[PDB]
Amino acid sequence: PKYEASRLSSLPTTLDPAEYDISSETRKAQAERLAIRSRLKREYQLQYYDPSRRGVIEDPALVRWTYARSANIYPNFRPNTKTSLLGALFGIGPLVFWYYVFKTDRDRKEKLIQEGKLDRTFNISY
Amino acid sequence: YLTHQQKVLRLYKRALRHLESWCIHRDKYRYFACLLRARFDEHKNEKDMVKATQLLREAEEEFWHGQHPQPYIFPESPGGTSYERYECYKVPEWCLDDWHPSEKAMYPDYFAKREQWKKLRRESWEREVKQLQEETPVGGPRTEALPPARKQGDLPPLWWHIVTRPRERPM
Amino acid sequence: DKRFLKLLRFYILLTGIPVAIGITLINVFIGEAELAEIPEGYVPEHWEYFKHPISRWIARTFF
Amino acid sequence: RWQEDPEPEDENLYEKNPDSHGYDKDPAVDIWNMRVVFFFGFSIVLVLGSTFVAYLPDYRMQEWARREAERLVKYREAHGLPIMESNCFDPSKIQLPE
Amino acid sequence: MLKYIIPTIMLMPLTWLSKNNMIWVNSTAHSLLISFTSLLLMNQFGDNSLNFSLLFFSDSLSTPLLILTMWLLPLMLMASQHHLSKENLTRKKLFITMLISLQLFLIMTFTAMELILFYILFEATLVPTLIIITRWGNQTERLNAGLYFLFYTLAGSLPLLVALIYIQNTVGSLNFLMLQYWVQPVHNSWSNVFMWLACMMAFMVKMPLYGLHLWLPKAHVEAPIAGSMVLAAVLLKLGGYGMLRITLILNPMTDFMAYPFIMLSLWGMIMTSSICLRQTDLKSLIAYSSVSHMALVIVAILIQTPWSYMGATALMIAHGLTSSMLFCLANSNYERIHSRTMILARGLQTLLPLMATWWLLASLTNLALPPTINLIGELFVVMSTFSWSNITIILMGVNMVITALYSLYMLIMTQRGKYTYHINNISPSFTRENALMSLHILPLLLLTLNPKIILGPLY
Amino acid sequence: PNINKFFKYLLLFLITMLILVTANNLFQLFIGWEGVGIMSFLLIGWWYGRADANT
Amino acid sequence: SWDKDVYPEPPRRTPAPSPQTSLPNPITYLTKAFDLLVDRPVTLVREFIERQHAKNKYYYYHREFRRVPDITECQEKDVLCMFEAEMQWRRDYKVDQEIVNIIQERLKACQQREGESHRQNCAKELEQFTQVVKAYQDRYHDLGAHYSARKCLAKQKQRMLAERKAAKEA
Amino acid sequence: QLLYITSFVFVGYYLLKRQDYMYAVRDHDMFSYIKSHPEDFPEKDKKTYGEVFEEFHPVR
Amino acid sequence: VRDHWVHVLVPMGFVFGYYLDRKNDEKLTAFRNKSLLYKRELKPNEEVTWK
Ligand SMILES: CCCCCCCCCCCCO[C@@H]1O[C@H](CO)[C@@H](O[C@H]2O[C@H](CO)[C@@H](O)[C@H](O)[C@H]2O)[C@H](O)[C@H]1O
Ligand SMILES: CCCCCCCCCCCCO[C@@H]1O[C@H](CO)[C@@H](O[C@H]2O[C@H](CO)[C@@H](O)[C@H](O)[C@H]2O)[C@H](O)[C@H]1O
Ligand SMILES: CCCCCCCCCCCCO[C@@H]1O[C@H](CO)[C@@H](O[C@H]2O[C@H](CO)[C@@H](O)[C@H](O)[C@H]2O)[C@H](O)[C@H]1O
Ligand SMILES: CCCCCCCCCCCCO[C@@H]1O[C@H](CO)[C@@H](O[C@H]2O[C@H](CO)[C@@H](O)[C@H](O)[C@H]2O)[C@H](O)[C@H]1O
Ligand SMILES: CCCCCCCCCCCCO[C@@H]1O[C@H](CO)[C@@H](O[C@H]2O[C@H](CO)[C@@H](O)[C@H](O)[C@H]2O)[C@H](O)[C@H]1O
């Protein structure tokens with residue numbers, strides 16, 4: 001019985017067939033990843049351990065993340081068949097849906113009240 | 001980043017801990033622990049590394065099928081019932097710098113000794129930076145490892161936040 | 001944090017105790033008005049339509 | 001590039017004045033600032049203001065309405081009258097169309 | 001109202017003639033005294049409003065808004081005096097002058113008897129507000145935020161001016177007492193549809209209605225703390241207060257004209273509440289929370305029932321204090337770490353124990369824990385919209401769940417967990433900061449003991 | 001170290017439950033209803049440095 | 001302390017103690033202790049306070065509002081007459097809210113008092129509650145937040161027109 | 001500074017005088033025209049709200 | 001005192017404002033003791049019913 005990955009349940013690393021077939025080209029890439037991580041670690045630790053520092057060690061990665069998650073969207077937005085259809089589907093559609101739900105409910109209720117078939121015997125708070 | 005040997009030894013430790021979770025009773029666990037150790041021993045001297053990798057891959061598939069869905073976890077290990085329990089009590093040492101003078105006055109001996117550590121940190125820092133400069137290749141460090149102090153009177157570079165970290169049971 | 005709470009406590013009680021004592025004395029040694037029909041030909045002041053002495057004083061003084 | 005001053009370092013008010021209330025660098029001004037805020041804010045507005053609200057003379061006539069309702073319910077039930085009528089206004093004063 | 005207008009004006013000579021080092025002490029003390037005297041507006045009657053003169057009147061709606069307005073001024077001076085410490089003396093006094101002039105316009109706005117007078121003062125508040133944001137905001141984007149704020153308002157308020165003048169030509173008066181008696185029903189026609197929109201859109205943009213709300217998260221992220229406090233606490237309520245008044249003369253057309261705006265609000269509050277769960281900037285999160293809370297007020301005003309009008313009034317007061325608190329709490333973190341990013345500084349309950357209590361209390365009012373006036377207002381609206389249509393309870397109920405999630409998410413992320421290792425400048429809470437927090441929450445919780453005074457004319 | 005606060009939260013827990021049990025109207029009952037829920041939140045997340053407790 | 005006709009109460013019927021046990025009743029002794037330890041000292045303090053009050057007797061009055069012409073007798077747009085008619089209507093509206101509250105209070109007290117026999121023994125209170133709620137609903141329901149005497153009169157005339165129409169076709 | 005105040009007040013006084021006179025003239029013209037043309041400003045027949053029919057619009 | 005004379009500005013603004021509010025009332029007495037609800041006879045020493 002093979003593992004079937006899903007969006008919310010990743011494939012275990014020990015069952016990943018690419019985990020074992022490791023080439024010299026793949027070891028070279030892993031070494032370069034550890035060099036970037038080590039270079040950033042050193043840059044951080046030099047400020048983190050500095051006895052004269054008091055404040056926040058600004059992290060450009062955090063600044064880039066908060067900037068991307070807001071200000072950078074509209075400049076890189078293109079009106080096309082995808083964003084327009086998603087823009088319409090989840091922008092106007094719910095308002096029209098709820099309009100008909102509530103409008104239909106209220107027309108039915110108002111027609112019964114006028115005909116005197118809605119029980120409002122003790123309804124004096126509104 | 002894990003060698004073949006490291007992968008095998010990690011599976012052995014992991015498989016035994018899930019076996020212990022199934023067996024529960026010590027005499028029963030001892031019996032099946034020896035049977036499992038025998039299975040690793042039969043292929044101990046495999047030389048054809050292609051076969052060794054296939055044995056490791058098949059073993060991992062076997063572990064996944066037979067793992068305990070609720071294995072035992074040491075209380076303070078990640079996922080344990082006491083993991084991170086005392087983090088709320090861990091306060092960094094720099095917080096003592098903001099104590100009111102009357103608060104510091106209650107521990108005259110502690111804060112006198114604290115000033116000695118701060119003096120030691122201050123006088124050691126420039127040499128720590130220099131040692132890292134002269135020992136680091138041009139393109140920056142390639143690993144996270146740090147060196148010892150080389151001369152006498154020197155301290156290992158970047159020692160403060162390791163030496164002065166909060167106690168595991170700080171209150 | 002301890003100092004702020006002491007200061008907050010002190011300034012609340014600074015007027016809080018005089019007011020609490022002042023209300024107790026007023027309720028004991030003055031008391032509330034008692035309901036009565038308007039005597040014929042008498043026009044009460046607007047502050048006389050209220051029961052509690054502090055309420056009457058508020059209406060009389062400010063309102 | 002241009003001639004611009006460097007960014008100053010943020011100053012911790014507690015360094016010069018460990019007793020600082022955080023209002024002013026001048027200790028005398030700092031203490032007075034704390035006193036007006038605490039006295040006029042808490043002693044006056046909140047304590048006396050809360051007391052003033054507690055004794056508002058029958059705010060919006062709720063108590064008078066209850067007394068008036070009791071008077072009407074007493075008189076109406078004594079005389080065998082309906083406690084309340086559907087008509088707010090006397091029909092004899094109304095001229096319907098057509 | 002002259003007993004409040006003149007002493008408010010006198011705050012300006014007081015600030016300019018004070019000793020250099022006593023501008024904050026003097027302006028704070030005397031604006032607290034003005035706030036004290038504002039409790040005399042509680043002389044309200046069961047039938048008639050408090051009609052002072054030909055220009056100004058007070059009733060149970062404007063009175064609570066007046067008291068909130070005058071209370072906020074000393075709180076704003078407390079919140080501002082720290083980040084303005086380096087500012088030179090003359091510019092400090094100009095800042096205080098803008099706050100004072102804002103209060104003067106606001107108290108006149110809420111008591112103006114004539115609607116065109118209300119319009120001019122309603123518009124006048126833009127000028128100082130825009131100056132505060134663009135001149136004393138911190139970042140480059142305050143200039144854009146100033147423009148969006150200015151032109152969103154005027155795009156709606158200019159049509160309101162035409163409608164108001166048109167009404168006076170047709171009716172002969174814009175005095176609100178006169179309109180109470182000379183109001184005539186609004187018949188169906190395309191002319192009346194656009195008269196309705198002209199009468200309402202300006203107030204919708206200020207609330208803000210969902211779809212016209214995009215200016216508000218901008219304004220908050222760029223404003224100084226005092227700007228955020230007055231924006232959230234009072235300036236949003238100019239729309240609600242305006243709608244509560246002008247709906248008098250729009251019946252029965254509101255019966256069907258309100259439908260699109262009820263749909264935008266009912267669905268809008270769930271969208272904005274959901275958006276709060278993913279916001280990365282603390283000020284922006286609080287800003288989106290306001291849009292969701294005010295969507296309830298729009299619905300309440302538009303369905304026009306006694307319960308909905310009482311709930312709308314309580315919500316406006318309750319949100320005013322809560323949102324002002326939340327901005328002040330977020331600002332006190334900003335003054336230490338100089339970033340609005342919510343995930344930057346974590347586990348602050350370990351470092352600032354008492355400030356974490358204020359964070360807890362503010363969050364609990366934001367999610368409307370009973371019996372806070374935040375809950376009373378929300379509940380009264382939920383009760384009245386249920387009669388309007390039983391299906392609304394599903395949308396109202398879902399929003400309550402999402403509101404709790406994002407309120408506690410904000411509390412958990414910033415106050416709990418592990419502290420950030422490298423942030424080593426979290427100095428102890430100042431007396432000023434603690435007093436500022438308590439001057440929000442204490443009146444808020446005290447109002448629970450006598451809620452009637454914030455329930456409005458329909459009480 | 002915060003045993004005093006712990007016992008205060010247990011007492012507040014008990015008070016909101018008694019409000020719930022003795023309430024004669026739904027608004028009063030709702031006060032106790034939500035009170036016990038919020039006290040549950042504060043006591044379940046007692047060890048707040050732990051992510052699982054906050055979750 | 002209050003008018004018994006407005007807030008009626010049946011005559012209370014208490015059974016006499018009729019023990020069928022040799023054990024003493026702990027409630028009897030706690031009642032004696034409570035009367036001695038709690039009630040008597042409380043009564044003494046109150047009697048001291050009532051003596052002080054008797055030295056400073058003063059009065060307050062229930063405001064009387066003379067009747068003025070109602071909205072039916074006001075010429076269109078005559079604000080001076082409309083204002084007095086409108087304020088009177090608002091005062092009556094507040095009074096009618098409290099009359100409903102009195103009847104609801106009677107109903108709720110009957111339900112608790114009659115215990116498990118409340119469904120039968122509270123019929124008169126239930127009937128009175130039903131009638132006043134109907135009368136109140138006719139007057140004031142559906143007027144909206146911007147209610148007035150004008151809107152109330154318009155609603156009544158709509159109801160009158162419906163009643164006349166049905167009566168004709170009969 | 002004194003002459004600034006005095007100059008403003010002096011000119012302001014006369015401008016206010018003209019302002020009030022122009023509004024008095026407007027009222028004088030309007031009332032005379034209404035007298036001259038009674039047929040265009042008939043005295044309105046006023047009914048009470050008991051006699052006037054207004055539709056009721058329920059808010060439910 | 002030259003130190004504390006600025007502290008009278010706002011309190012005097014309130015007194016002046018209070019006084020002008022009362023002056024405003026003297027211009028709105030067209031119906032004093034003339035409303036159908038409250039109109040009555042004057043007491044022997046009374047000149048006006050309110051001011
Ligand atoms: C806790 C401090 C709170 C400070 C704010 C309140 C300050 C004012 C407190 C009330 C002062 C006394 O309140 C006032 O006393 C007298 C009673 O003697 C009342 O006066 C009434 O009774 C007295 C008899 O005693 C007679 O003059 C007369 O029958 C009548 O005027 C007033 O109607 C009442 O309002
Ligand atoms: C929340 C607290 C607010 C604090 C406000 C602080 C400012 C207080 C301003 C005080 C103004 C007092 O103003 C003055 O008071 C006296 C009381 O002797 C009143 O005195 C009058 O009250 C009524 C008026 O019908 C009558 O009984 C009688 O004419 C007289 O007693 C005056 O009508 C009023 O002109
Ligand atoms: C007839 C029309 C003209 C009407 C003029 C009426 C007012 C005339 C005021 C004349 C005196 C003005 O006073 C002049 O300005 C201010 C306030 O005093 C003073 O200087 C000021 O500096 C700072 C504020 O900036 C403060 O310390 C303090 O307010 C004061 O010392 C000057 O040292 C003084 O020379
Ligand atoms: C519906 C009722 C309310 C409608 C109100 C609409 C009126 C216009 C409001 C905004 C006016 C701001 O005026 C102008 O707008 C544009 C974007 O819109 C701003 O420009 C900003 O967005 C544009 C477009 O992404 C970017 O190229 C630019 O880098 C950025 O600064 C200008 O810097 C500003 O000067
Ligand atoms: C009804 C109105 C209520 C308004 C309330 C306003 C509160 C204002 C608080 C003012 C704080 C006191 O302000 C300050 O007090 C002291 C003593 O009086 C003055 O005088 C001071 O001068 C010097 C200090 O340099 C010393 O001699 C001594 O410290 C003191 O005498 C200061 O010159 C004044 O700046």
# chains A, B, ... in the order shown; residues from 1 in each chain; ligands from 1

call {"tool": "residues_around", "arguments": {"residues": "residue 51 in chain F", "least_positions_apart": "5", "cutoff": "10 Å", "atoms": "only C-alpha atoms", "output": "MDAnalysis selection string"}}
result
(chainID B and resid 83:85) or (chainID E and resid 412 416:418) or (chainID F and resid 45)

call {"tool": "write_last_selection", "arguments": {"atoms": "C-alpha atoms", "output": "PDB file, in the first residue's frame"}}
result
ATOM      1  CA  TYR B  83       7.321  20.450  25.462  1.00  0.00           C
ATOM      2  CA  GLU B  84       7.748  24.231  25.733  1.00  0.00           C
ATOM      3  CA  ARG B  85       5.910  24.129  29.064  1.00  0.00           C
TER       4      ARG B  85
ATOM      5  CA  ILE E 412      -1.902  35.172  21.049  1.00  0.00           C
ATOM      6  CA  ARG E 416       2.099  34.658  23.934  1.00  0.00           C
ATOM      7  CA  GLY E 417       4.562  32.118  22.655  1.00  0.00           C
ATOM      8  CA  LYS E 418       8.287  32.740  22.910  1.00  0.00           C
TER       9      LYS E 418
ATOM     10  CA  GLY F  45      -3.655  28.164  27.684  1.00  0.00           C
TER      11      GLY F  45
END

call {"tool": "residues_near_ligand", "arguments": {"ligand": "ligand 2", "cutoff": "6 Å", "atoms": "only C-alpha atoms and all ligand atoms", "output": "number ranges by chain"}}
result
C: 60-62; D: 49, 52; E: 36-37, 39-40

call {"tool": "residues_around", "arguments": {"residues": "range 89-105 of chain A", "least_positions_apart": "3", "cutoff": "10 Å", "atoms": "only C-alpha atoms", "output": "list in words"}}
result
residues 83, 84, 85, 86, 108, 109 and 110 of chain A; 211, 256, 259, 260, 261, 262, 263, 264, 265, 266, 267, 268, 388, 389, 390, 391 and 392 of chain E

call {"tool": "residues_around", "arguments": {"residues": "residue 68 in chain D", "least_positions_apart": "4", "cutoff": "7 Å", "atoms": "only C-alpha atoms", "output": "number ranges by chain"}}
result
D: 64, 72; G: 95

call {"tool": "write_last_selection", "arguments": {"atoms": "N, CA and C atoms", "output": "tab-separated table (two decimals), in the first residue's frame"}}
result
chain	number	residue	atom	x	y	z
D	64	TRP	N	-40.82	58.21	36.17
D	64	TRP	CA	-42.12	58.86	36.13
D	64	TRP	C	-43.12	58.04	35.33
D	72	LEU	N	-52.57	54.79	36.21
D	72	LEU	CA	-53.59	54.51	35.21
D	72	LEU	C	-54.14	53.09	35.35
G	95	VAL	N	-45.68	55.67	28.71
G	95	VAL	CA	-46.58	55.10	29.72
G	95	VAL	C	-47.14	53.75	29.30

call {"tool": "residues_near_ligand", "arguments": {"ligand": "ligand 5", "cutoff": "12 Å", "atoms": "only C-alpha atoms and all ligand atoms", "output": "ChimeraX atom specification"}}
result
/D:26-41,44 /E:7,11,14,18-34,36-37 /I:1-15

call {"tool": "closest_residue", "arguments": {"among": "E:158, E:315, E:287, E:401", "to": "ligand 4", "atoms": "only C-alpha atoms and all ligand atoms"}}
result
E:158

call {"tool": "residues_near_ligand", "arguments": {"ligand": "ligand 1", "cutoff": "10 Å", "atoms": "only C-alpha atoms and all ligand atoms", "output": "ChimeraX atom specification"}}
result
/C:15-27,29-33,45,47-61 /D:48,51-52,55 /G:53,55-60

call {"tool": "write_last_selection", "arguments": {"atoms": "C-alpha atoms", "output": "mmCIF file, in the first residue's frame"}}
result
data_model
loop_
_atom_site.group_PDB
_atom_site.id
_atom_site.type_symbol
_atom_site.label_atom_id
_atom_site.label_comp_id
_atom_site.auth_asym_id
_atom_site.auth_seq_id
_atom_site.Cartn_x
_atom_site.Cartn_y
_atom_site.Cartn_z
ATOM 1 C CA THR C 15 -12.091 61.344 45.995
ATOM 2 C CA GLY C 16 -13.626 57.874 46.142
ATOM 3 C CA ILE C 17 -13.585 57.693 49.941
ATOM 4 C CA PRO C 18 -14.932 61.223 50.552
ATOM 5 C CA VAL C 19 -17.719 60.540 48.056
ATOM 6 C CA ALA C 20 -18.519 57.140 49.563
ATOM 7 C CA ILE C 21 -18.573 58.658 53.055
ATOM 8 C CA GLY C 22 -20.497 61.699 51.859
ATOM 9 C CA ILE C 23 -23.225 59.547 50.328
ATOM 10 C CA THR C 24 -23.559 57.476 53.500
ATOM 11 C CA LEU C 25 -23.986 60.585 55.646
ATOM 12 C CA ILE C 26 -26.496 62.053 53.196
ATOM 13 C CA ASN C 27 -28.519 58.842 53.070
ATOM 14 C CA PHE C 29 -28.883 62.072 58.166
ATOM 15 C CA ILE C 30 -30.959 63.573 55.330
ATOM 16 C CA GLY C 31 -32.735 60.655 53.677
ATOM 17 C CA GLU C 32 -34.920 60.509 50.614
ATOM 18 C CA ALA C 33 -37.984 62.613 49.997
ATOM 19 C CA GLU C 45 -40.177 73.695 41.671
ATOM 20 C CA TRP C 47 -36.295 69.958 41.327
ATOM 21 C CA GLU C 48 -39.046 68.931 43.770
ATOM 22 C CA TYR C 49 -40.241 66.154 41.436
ATOM 23 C CA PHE C 50 -37.246 63.982 42.362
ATOM 24 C CA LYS C 51 -36.735 61.777 45.391
ATOM 25 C CA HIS C 52 -33.034 61.467 46.212
ATOM 26 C CA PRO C 53 -31.343 64.525 47.774
ATOM 27 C CA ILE C 54 -28.369 64.323 45.397
ATOM 28 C CA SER C 55 -30.686 64.066 42.392
ATOM 29 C CA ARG C 56 -32.653 67.092 43.599
ATOM 30 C CA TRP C 57 -29.435 69.044 44.124
ATOM 31 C CA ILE C 58 -28.217 68.146 40.625
ATOM 32 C CA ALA C 59 -31.465 69.252 38.991
ATOM 33 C CA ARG C 60 -31.636 72.417 41.090
ATOM 34 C CA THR C 61 -28.010 73.439 40.583
ATOM 35 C CA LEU D 48 -17.233 62.318 40.399
ATOM 36 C CA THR D 51 -21.237 59.560 40.847
ATOM 37 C CA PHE D 52 -22.939 62.308 38.842
ATOM 38 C CA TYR D 55 -27.751 60.248 40.514
ATOM 39 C CA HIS G 53 -35.108 60.505 58.638
ATOM 40 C CA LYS G 55 -36.208 64.587 61.848
ATOM 41 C CA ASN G 56 -35.887 65.845 58.245
ATOM 42 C CA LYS G 57 -39.200 65.038 56.592
ATOM 43 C CA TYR G 58 -39.586 66.510 53.102
ATOM 44 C CA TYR G 59 -41.611 65.655 50.037
ATOM 45 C CA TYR G 60 -41.467 65.113 46.302
#

call {"tool": "residues_near_ligand", "arguments": {"ligand": "ligand 4", "cutoff": "10 Å", "atoms": "only C-alpha atoms and all ligand atoms", "output": "VMD selection string"}}
result
(chain A and resid 71 to 77) or (chain E and resid 140 to 141 143 to 157 201 to 202 204 to 205 211 to 215)

call {"tool": "select_by_dssp", "arguments": {"residues": "range 151-203 of chain E", "states": "alpha helix (DSSP H)", "output": "PyMOL selection string"}}
result
chain E and resi 151-171+176-182+190-203

call {"tool": "closest_atom_pairs", "arguments": {"of": "chain H", "to": "ligand 3", "cutoff": "7 Å", "atoms": "only C-alpha atoms and all ligand atoms", "output": "Markdown table"}}
result
| residue | atom | partner | partner_atom_place_in_ligand_line | distance |
| --- | --- | --- | --- | --- |
| H:1 | CA | ligand 3 | 2 (C) | 4.7 |
| H:2 | CA | ligand 3 | 1 (C) | 4.1 |
| H:5 | CA | ligand 3 | 2 (C) | 6.8 |

call {"tool": "write_last_selection", "arguments": {"atoms": "N, CA and C atoms", "output": "compact mmCIF listing (two decimals), in the first residue's frame"}}
result
# COMPACT_ATOMS: atom_id res chain seq x y z
N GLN H 1 -1.27 97.52 15.35
CA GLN H 1 -2.30 96.54 15.65
C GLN H 1 -3.64 97.20 15.93
N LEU H 2 -3.62 98.35 16.61
CA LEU H 2 -4.86 99.05 16.92
C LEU H 2 -5.55 99.53 15.65
N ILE H 5 -7.48 96.74 13.79
CA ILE H 5 -8.79 96.47 14.37
C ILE H 5 -9.76 97.58 14.02

call {"tool": "interface_residues", "arguments": {"of": "chain A", "to": "chain B", "cutoff": "7 Å", "atoms": "only C-alpha atoms", "output": "count of residues only"}}
result
8

call {"tool": "interface_residues", "arguments": {"of": "chain A", "to": "chain E", "cutoff": "6 Å", "atoms": "only C-alpha atoms", "output": "tab-separated table (two decimals) with N, CA and C atoms, in the first residue's frame"}}
result
chain	number	residue	atom	x	y	z
A	48	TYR	N	23.65	39.86	16.70
A	48	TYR	CA	22.94	39.31	17.85
A	48	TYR	C	23.84	39.27	19.08
A	54	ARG	N	21.49	47.55	21.06
A	54	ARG	CA	20.20	47.57	21.75
A	54	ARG	C	19.14	47.98	20.74
A	55	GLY	N	18.21	47.09	20.47
A	55	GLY	CA	17.16	47.40	19.52
A	55	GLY	C	16.68	46.15	18.81
A	56	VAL	N	16.33	46.33	17.55
A	56	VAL	CA	15.82	45.27	16.69
A	56	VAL	C	16.81	45.05	15.57
A	95	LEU	N	-23.12	38.89	-3.41
A	95	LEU	CA	-24.10	39.93	-3.15
A	95	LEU	C	-25.41	39.63	-3.86
A	126	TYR	N	-39.07	45.09	18.25
A	126	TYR	CA	-38.48	45.00	16.93
A	126	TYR	C	-37.38	46.04	16.74

call {"tool": "residues_around", "arguments": {"residues": "range 7-18 of chain F", "least_positions_apart": "3", "cutoff": "6 Å", "atoms": "only C-alpha atoms", "output": "PyMOL selection string"}}
result
chain F and resi 4+21+32+35-36+39

call {"tool": "closest_atom_pairs", "arguments": {"of": "chain F", "to": "chain E", "cutoff": "8 Å", "atoms": "only C-alpha atoms", "output": "tab-separated table"}}
result
residue	atom	partner	partner_atom	distance
F:30	CA	E:370	CA	7.2
F:31	CA	E:370	CA	5.2
F:34	CA	E:369	CA	6.9
F:35	CA	E:370	CA	7.8
F:48	CA	E:416	CA	5.6
F:49	CA	E:417	CA	4.0
F:50	CA	E:417	CA	6.0
F:51	CA	E:417	CA	6.2
F:54	CA	E:412	CA	7.1
